[PDB]
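For reference, the structure discussed in these notes is given below.
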Amino acid sequence: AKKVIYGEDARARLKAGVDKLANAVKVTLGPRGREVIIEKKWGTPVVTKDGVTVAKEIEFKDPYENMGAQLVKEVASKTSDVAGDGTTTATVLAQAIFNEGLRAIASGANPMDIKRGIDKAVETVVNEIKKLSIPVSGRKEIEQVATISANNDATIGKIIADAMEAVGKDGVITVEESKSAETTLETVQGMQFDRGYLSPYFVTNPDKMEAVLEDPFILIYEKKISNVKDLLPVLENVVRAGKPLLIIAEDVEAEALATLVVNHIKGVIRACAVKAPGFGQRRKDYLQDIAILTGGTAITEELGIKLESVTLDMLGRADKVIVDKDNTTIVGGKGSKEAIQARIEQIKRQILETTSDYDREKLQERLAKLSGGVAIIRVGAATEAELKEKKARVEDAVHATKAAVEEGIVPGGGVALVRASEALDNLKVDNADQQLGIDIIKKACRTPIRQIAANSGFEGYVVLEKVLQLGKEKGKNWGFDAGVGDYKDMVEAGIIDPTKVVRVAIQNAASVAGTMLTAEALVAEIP
Amino acid sequence: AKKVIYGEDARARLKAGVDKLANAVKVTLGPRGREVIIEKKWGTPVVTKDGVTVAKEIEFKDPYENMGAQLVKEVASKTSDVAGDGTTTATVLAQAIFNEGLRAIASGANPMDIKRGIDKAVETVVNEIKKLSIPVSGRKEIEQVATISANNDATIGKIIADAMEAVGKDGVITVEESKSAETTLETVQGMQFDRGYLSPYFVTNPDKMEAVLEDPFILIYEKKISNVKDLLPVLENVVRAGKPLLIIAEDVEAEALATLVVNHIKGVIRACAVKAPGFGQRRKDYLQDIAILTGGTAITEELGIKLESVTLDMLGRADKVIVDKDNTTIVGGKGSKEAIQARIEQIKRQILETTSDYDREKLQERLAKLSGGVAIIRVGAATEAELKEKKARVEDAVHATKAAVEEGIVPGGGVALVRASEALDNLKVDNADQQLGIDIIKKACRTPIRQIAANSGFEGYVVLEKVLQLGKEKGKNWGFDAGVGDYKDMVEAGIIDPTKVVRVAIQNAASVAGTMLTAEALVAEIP
Amino acid sequence: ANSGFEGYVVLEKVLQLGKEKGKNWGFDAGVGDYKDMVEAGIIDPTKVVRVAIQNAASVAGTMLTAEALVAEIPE
Ligand SMILES: Nc1ncnc2c1ncn2[C@@H]1O[C@H](COP(=O)(O)OP(=O)(O)NP(=O)(O)O)[C@@H](O)[C@H]1O
Ligand SMILES: Nc1ncnc2c1ncn2[C@@H]1O[C@H](COP(=O)(O)OP(=O)(O)NP(=O)(O)O)[C@@H](O)[C@H]1O
Ligand SMILES: [Mg+2]
Ligand SMILES: [Mg+2]
Numbered sequence: 003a004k005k006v007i008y009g010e011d012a013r014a015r016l017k018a019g020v021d022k023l024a025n026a027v028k029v030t031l032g033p034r035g036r037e038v039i040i041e042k043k044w045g046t047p048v049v050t051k052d053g054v055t056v057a058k059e060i061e062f063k064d065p066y067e068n069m070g071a072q073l074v075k076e077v078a079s080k081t082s083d084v085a086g087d088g089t090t091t092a093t094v095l096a097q098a099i100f101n102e103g104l105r106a107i108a109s110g111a112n113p114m115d116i117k118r119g120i121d122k123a124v125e126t127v128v129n130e131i132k133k134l135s136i137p138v139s140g141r142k143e144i145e146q147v148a149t150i151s152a153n154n155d156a157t158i159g160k161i162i163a164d165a166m167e168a169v170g171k172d173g174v175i176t177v178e179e180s181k182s183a184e185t186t187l188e189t190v191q192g193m194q195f196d197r198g199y200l201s202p203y204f205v206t207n208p209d210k211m212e213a214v215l216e217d218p219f220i221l222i223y224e225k226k227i228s229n230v231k232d233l234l235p236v237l238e239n240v241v242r243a244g245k246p247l248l249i250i251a252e253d254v255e256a257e258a259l260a261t262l263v264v265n266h267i268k269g270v271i272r273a274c275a276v277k278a279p280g281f282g283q284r285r286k287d288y289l290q291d292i293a294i295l296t297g298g299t300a301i302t303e304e305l306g307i308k309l310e311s312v313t314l315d316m317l318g319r320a321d322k323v324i325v326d327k328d329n330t331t332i333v334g335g336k337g338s339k340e341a342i343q344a345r346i347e348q349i350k351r352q353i354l355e356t357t358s359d360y361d362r363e364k365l366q367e368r369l370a371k372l373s374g375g376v377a378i379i380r381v382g383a384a385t386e387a388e389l390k391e392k393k394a395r396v397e398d399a400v401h402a403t404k405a406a407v408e409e410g411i412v413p414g415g416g417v418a419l420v421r422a423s424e425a426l427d428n429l430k431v432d433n434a435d436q437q438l439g440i441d442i443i444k445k446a447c448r449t450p451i452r453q454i455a456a457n458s459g460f461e462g463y464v465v466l467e468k469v470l471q472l473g474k475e476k477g478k479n480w481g482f483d484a485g486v487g488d489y490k491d492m493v494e495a496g497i498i499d500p501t502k503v504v505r506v507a508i509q510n511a512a513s514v515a516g517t518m519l520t521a522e523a524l525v526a527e528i529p
Numbered sequence: 003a004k005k006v007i008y009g010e011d012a013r014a015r016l017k018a019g020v021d022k023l024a025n026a027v028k029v030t031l032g033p034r035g036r037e038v039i040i041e042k043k044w045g046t047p048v049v050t051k052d053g054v055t056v057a058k059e060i061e062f063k064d065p066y067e068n069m070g071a072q073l074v075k076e077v078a079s080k081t082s083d084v085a086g087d088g089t090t091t092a093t094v095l096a097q098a099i100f101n102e103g104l105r106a107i108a109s110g111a112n113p114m115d116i117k118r119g120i121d122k123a124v125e126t127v128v129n130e131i132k133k134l135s136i137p138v139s140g141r142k143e144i145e146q147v148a149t150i151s152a153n154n155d156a157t158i159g160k161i162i163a164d165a166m167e168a169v170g171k172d173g174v175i176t177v178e179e180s181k182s183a184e185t186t187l188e189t190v191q192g193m194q195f196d197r198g199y200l201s202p203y204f205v206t207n208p209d210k211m212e213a214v215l216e217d218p219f220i221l222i223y224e225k226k227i228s229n230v231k232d233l234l235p236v237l238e239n240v241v242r243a244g245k246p247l248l249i250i251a252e253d254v255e256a257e258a259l260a261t262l263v264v265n266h267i268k269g270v271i272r273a274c275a276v277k278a279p280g281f282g283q284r285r286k287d288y289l290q291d292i293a294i295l296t297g298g299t300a301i302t303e304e305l306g307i308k309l310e311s312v313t314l315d316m317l318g319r320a321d322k323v324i325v326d327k328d329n330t331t332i333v334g335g336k337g338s339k340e341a342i343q344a345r346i347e348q349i350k351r352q353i354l355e356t357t358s359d360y361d362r363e364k365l366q367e368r369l370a371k372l373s374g375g376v377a378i379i380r381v382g383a384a385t386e387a388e389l390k391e392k393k394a395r396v397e398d399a400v401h402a403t404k405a406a407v408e409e410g411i412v413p414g415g416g417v418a419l420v421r422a423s424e425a426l427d428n429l430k431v432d433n434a435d436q437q438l439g440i441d442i443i444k445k446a447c448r449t450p451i452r453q454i455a456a457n458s459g460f461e462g463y464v465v466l467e468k469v470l471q472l473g474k475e476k477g478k479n480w481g482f483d484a485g486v487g488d489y490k491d492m493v494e495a496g497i498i499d500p501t502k503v504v505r506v507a508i509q510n511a512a513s514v515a516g517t518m519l520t521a522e523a524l525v526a527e528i529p
Numbered sequence: 456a457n458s459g460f461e462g463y464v465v466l467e468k469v470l471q472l473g474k475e476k477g478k479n480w481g482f483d484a485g486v487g488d489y490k491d492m493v494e495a496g497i498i499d500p501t502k503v504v505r506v507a508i509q510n511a512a513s514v515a516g517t518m519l520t521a522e523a524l525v526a527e528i529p530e
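As structure tokens, then:
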């Protein structure tokens, strides 16, 4: 059984649902925003300042108020997926657009024309933001963006700035929970994977459980090694060279492995055998990456080269390999620069499509493995409750730092939307109702700065008026520093946020709020 | 369906939840603290004085009050995991920080700045505690620490002091329930495991049921022995030496075992065979630990030596072994007294990284087996109900004794926190709200001493004033002896607790309590 | 407690001042400090203190051993 409600009754339900969701999220906005404790059915409650985390939990008993809440939750969800930051700003913007749109509709405006006017205004606002955008000069902007996104935490900003330099432009940064109270940065350069150490007898550094080979030969072969007859020819010729030998396969069984280890103990060869990483389809690409990095080729099942007939011609080579209990690293063969570049070009071309289908984001890691490096930031705290909140802030700053490199940086503290909203004064349209939609965006763009002031104990309208006039007297980058409560140049002070975050937040907020305003009836099941 | 509460209503719920949990735990604090009986659904109720045990059982009907209770339970849980003692002190500290933080916030202070001020004060307090820390000189402090942590039980302190000396600096102490009413200490030196006595006919002393062998040869072979054709060649050469032979194998069955027992009865050899300890990978390392201690080499499938091809060259040796119905003990390998130090260093280097992996002392047991010994304290009482509480106190004193060796000892009775809080008078910060956070820690650090006095029937504020003034008139170590009710030197009187416990308690209490103070809204499901 | 101080803390210090200073030393509630009561003029007739404790103990003892209460049913 369904019930349908119409007109002002329908919009009243939607407004109540949107307001109750937005009121919970908006308390976390700004440098003086406060956190929200979320009940978890099993275990410790979650304390968080993250906007999308709070929004994802909200749900209401009233079927019609819930519909309003669930629509605005999409604003925070989409912003997190695309930018990873600005979810609270997007939620604040969505409420402002919806609330002002209802006032215009209540005056008799056409709901569809308001949406058309809103779309035109957002196109102008996004263009203005890109004009204010400044490309990241280097470490100074990176450390400033990380500090601001981490809720003004210079310790986190320093670590992320170091991580960006270590892995470079094409590297990847991963955030994990440390097992101790300290927060550490761990960087590894070159190829590595989660396999190795088929037997303890390959020890070369007993003080560290490390198997170390210098200028080793790398054997990339798919299937098992299960007998001496085929393993001997590969061993029969590496002895002549005298260089160390490394074996990568799915496994080496007892009859096969006992040959090398009894040979390794006597020192006729210095070698080690490791299992090939991955499963199923995901095998060949890694070994192909490993083979192309080593300057040799991968012995492939499709290739048909019998293990007996192999030689030193296609045997791979590296400079240094380190093997431990569960990990092996290859420094690099520094070969095939153009060939790997094609895979780098292709993988990123595949990423933009495979990101909607892959099981894990490790496809990006495949790019970084043969072209850059990976950095692991292990967040640590005295307790689990503090660690969860600290780790979330680090993830937000990592995402914001990545977004800043792509599209530059913009004045923070909500100044960018205030500056962009000024151009809407010159945007005139012939339709009266579409003009109301433009006016809605102008008021909405100036809402985040007022909420930041309100959270810090200042009047939003007083702060907004000063910031508007300071744009003419001092410059476009001047704003309000809610941390200490005075006006200054935001870009010089380091209060900046990425252009991508600001652009995505206004676009997502307008798309949902504009769609909701066109509604006239709500259909929901009777409880 | 969620409901969100804000501001003072939210903090009122949290304070009620924290207070109700803390009130139950705090009755167990001090030498005159009393016990709590916890209902168990099936069986006898549990009577305990353990702070974390009481905290773990607390749960409330109100979802918002339960949120406060579950967060503070993390303070007691983390303290028990890290130090094993001081869980009641940590819970008392957490309530004091949270209660005083709410008062500051109600006056208009910024919650985030209070947390920053709290963090600075804890850093100073921890530094001061390490200044007061005195390293453990020997048995005198070990007995004093064990006695205090066992609730002033001298008999328990004596036993633990003996156990520490027996196993040495690198041994391990295990607490178990005795089958009788007496409490006994049992110490064994050297390697031992839970296998042995494949056949009852291997008897050297029929009075005591064991198979003592003098200067035996130890045969470390991984797989099964199941034929005469391979056992006999190894038997062909042990007879020449005339020394006894010990077999460690996967399983000796009828056909293989019948050879020795018939031969053993005839007296041509004196030998015994035992089960190999462990399963899976836990097999591999154990015989490796046995092989290195005995001076021989383990005959693994990996090594590549067949059973009939073995000889005296790699056969292990020992001075004397004891094998009984369920235990085999090797008392001395007479070799590799230099190699094990490298092995020892390799082990704890793995131990610290595998602290995330292990859930049983087997990680340290293997290290303790070869480098030291193990001591089993079997707690006994006339009744199961009394035994449960007595065993808990013994475990607390064992953990405290271990923690005292690591980081030294500090004046007890809450004096250390009082002395450390004095340095907070000199700590000034530029932000007014951060100063309130420092003042919160100063009051919190002086709460445990007042609660100990309150449990003993004295006035806490009167006791605190005297202890503060005695710090300069008499010395820093002077405090209040709540057991008898007079002031004296705590270090001379033996009222001391480990530095690690005091440091861990304040750090865990501040991390959780500081995090909760930044909360503004609570999201919980409607019941 | 009525004046805004902890009752047991005040009582404990008044007991201490009974032998450090003298028997007449107590706590002044008009201004929160300890002083000699007789010199300060904070004195009571000894009949009041004597009769109050005697009267209070008499009624309390009567009610402690009361075994039955007889009253009319309110309609
Ligand atoms: N010191 C400051 N003074 C003024 N504005 C600031 C300051 N620090 C940060 N901001 C601004 O405050 C906003 C950041 O607050 P934050 O709580 O991260 O909002 P969000 O990014 O929209 N949500 P989340 O997904 O939770 O990070 C941005 O607009 C910053 O530019
Ligand atoms: N005779 C004593 N006089 C004064 N203080 C004492 C005395 N004995 C112990 N204490 C102190 O009282 C505290 C020990 O009480 P205890 O009940 O063990 O607290 P906890 O260790 O925080 N909780 P638990 O985990 O249950 O042991 C420490 O601060 C001791 O220094
Ligand atoms: Mg952010
Ligand atoms: Mg204790």
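Chains as they are written, first to last, in the entry's author numbering: chain A, 3 to 529; chain B, 3 to 529; chain I, 456 to 530. Even for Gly, the Cβ is constructed at its ideal location relative to N, Cα and C.
| query | result |
| --- | --- |
| Residue-chain proximity (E76 (chain B), chain A), Cβ-Cβ < 8 angstroms | yes |
| Proximity test, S151 (chain B) beta-carbon vs ligand 6 heavy atom, cut-off 7 angstroms | Only ligand 1, ligand 2, ligand 3 and ligand 4 can be found as ligands here, which leaves ligand 6 out of the picture. |
| Three-way DSSP call (helix, strand, coil) for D483 (chain I) in this model | strand |
| Pairwise C-alpha distance: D87 (chain A) and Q283 (chain A) | 34 angstroms |
| Cross-chain neighbours of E102 (chain B) in chain I, by beta carbon under 8 angstroms | Neighbours of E102 (chain B) on chain I: none; closest Cβ ~18 angstroms, over 8 angstroms. |
| Local Cβ density within 10 Å of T157 (chain A), reported as buried at 16 or more and exposed below that | exposed |
| beta-carbon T89 (chain A) near ligand 1 non-hydrogen atom, thresh 7 angstroms | yes |
| Secondary structure, alpha helix (DSSP H): runs of 4+ residues fully inside the region 210-276 of chain B | 230-243, 256-268 |
| Same chain, Cβ closer than 8 angstroms to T93 (chain A), five either side skipped, listed in chain order | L23, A24, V27, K28, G53, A57, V74, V77, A78, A511 |
| Residue range of the beta strand (DSSP E) that includes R380 (chain A) | 375-381 |
| Within 7 angstroms of chain B by C-beta, residues of the region 475-498 of chain I in sequence order | none |
| Span separating the alpha-carbon of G306 (chain A) from that of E224 (chain A) | 11 angstroms |
| Buried versus exposed, by CB contacts within 10 Å (16 or more), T517 (chain B) | buried |
| Beta-carbon proximity check, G318 (chain B) vs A341 (chain B), cutoff 8 angstroms | no |
| Any non-hydrogen atom of ligand 3 within 7 angstroms of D164 (chain A) CB | no |
| Of the residues B:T206, B:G298, B:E386, B:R380, the one placed nearest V48 (chain B), counting alpha carbons only | B:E386 |
| Bounding residues of the beta strand (DSSP E) (the contiguous stretch that carries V6 (chain A)) | 4-8 |
| Chain-order list of residues whose beta-carbon lies under 8 angstroms from that of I451 (chain B) (same chain, five-residue window excluded) | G415, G416, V417, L419, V420, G462, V465, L466, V469, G481, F482 |
| Proximity winner among A:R197, A:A260, A:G32, relative to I332 (chain A) (alpha-carbon distances) | A:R197 |
| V54 (chain B): CB within 7 angstroms of a non-hydrogen atom of ligand 2 | yes |
| In chain order, each beta strand (DSSP E) run of at least 3 residues that lies wholly inside the region 389-461 of chain A | 411-413 |
| Buried versus exposed, by CB contacts within 10 Å (16 or more), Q471 (chain A) | exposed |
| Buried or exposed (CB count within 10 angstroms, at least 16 for buried), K63 (chain A) | exposed |
| Neighbourhood of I528 (chain B) by C-beta, 6 angstroms cutoff - its chain only, sequence neighbours within 5 removed | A3, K5 |
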